[PDB]
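Okay, so here's just one chain, in structure tokens, the form deposited in one PDB entry.
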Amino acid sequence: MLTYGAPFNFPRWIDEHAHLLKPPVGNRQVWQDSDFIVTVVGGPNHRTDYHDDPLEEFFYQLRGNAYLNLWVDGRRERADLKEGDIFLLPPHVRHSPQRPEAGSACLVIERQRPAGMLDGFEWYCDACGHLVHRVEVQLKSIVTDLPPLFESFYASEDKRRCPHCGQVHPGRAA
């Protein structure tokens, strides 16, 4: 049987769940308990973290503009997602999605991570660019597991303290 239901108009679905896309992630999963994690992400979001996904991530910026802050070698990069753009991210490339515009919508498709394959969430220093803190987690829900992790980073100056130059990361204000 069609465990995930019949086909349905996507633009309409987005219009109807627009009000449900809220910070910090701006996340909303389309189907539950599926191998393909299909989500729509809107704005304005609030991400100061760099995600380290063990698998690839597909992007299709349907509405509005957004961009991904990245690290390509050891340098911070910016990959813009102009409305209409699609993009496939190689596994493990560090990325921090910046979605500043309201009414924005990007289709993001990922995969359920196999047991033992963990996701990483990182923060780097503004000053020396050194790694400040990293949390590895067996990701069970890209919609609910995230906010709690960030909150623990923001609630601790010890986690935010750069082990290289001692600078304390701005927390939820960077």
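For every residue, the number given is its place in the sequence shown, counted from 1. Rigid core here is just the name for the largest C-alpha set that superposes within 1.5 Å across the two forms.
Here 119-127 and 55-63 are compared by their mean Cα B-factor, and 119-127 comes out higher.
For the two regions 143-151 and 31-39, the entry's Cα B-factors average higher over 143-151.
Per the deposited record, the Cα B-factor of residue 79 falls in the middle third when ranked against the other modelled residues of its chain. Split the chain's modelled residues into thirds by C-alpha temperature factor. Residue 72 is in the highest one.
As for the form deposited in another entry, it is not shown, yet the points below apply to it.
When the two forms are overlaid on the rigid core, CA displacement between the shown form and the other one of 2 Å or more is confined, within 143, 118, 38, 131, to 143. With the core held fixed, residue 22 shows a CA shift of 2 Å or greater between the shown form and the other one.
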